[PDB]
């Protein structure tokens, strides 16, 4: 079982840049290496199939090189429809194995999130559970830290985060942190705060609410 490891895992580039993605095999596979492109939600499309051969219908800016254990997919003058995830895959030995992928994301200037906080609706409280939602809107890059402080007590293990794919228009991300607890544990406390740390913030930002109003 040959392990195909790609580098880097993520990469940030802008339109018209030269991007190189390296793929290494645990043992020699000659030139039996393929490169595939995949976009979120859709099926993969073949790009390169003989370490270097261009699949019919693919622009010339894509080129594969390498042999043995080291391979490189190079795209010169990156284009808007080229932001996607790229996988390398070997065909020398069964079973065929893929790499973990390389996501090529749009590069833009640092943008701070707009932070909003939502207490649980009275309906959900009457149901028996309480969901507090914290929303970070239209930020870049995606590396952000979100902590919950309930009466200045740090929460751990009772919140779940969710991130969107990069927006096509402003090239930003959005994130939602949901703190879920029981009606009793929710009514045990008063001040609920979402504490956010991001590169585009001079200092961490707090958005809070009081349980009565």
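Numbering follows the first chain given and starts at 1.
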property: Higher-scoring stretch by recorded Cα B factor average, 111-119 or 75-83; result: 75-83
property: Residue of maximum C-alpha B factor among 56, 34, 38, 162, per deposited coordinates; result: 56
property: Residue 99, C-alpha B-factor rank within chain (lowest, middle or highest third); result: middle
property: Chain third (lowest, middle, highest) by recorded CA B-factor, residue given as residue 69; result: middle
property: B-factor third for the C-alpha atom of residue 149 within its chain; result: lowest
property: CA B-factor placement of residue 15, once the chain's modelled residues are sorted into thirds; result: highest
property: Modelled-residue ranking by C-alpha temperature factor, third containing residue 205; result: middle
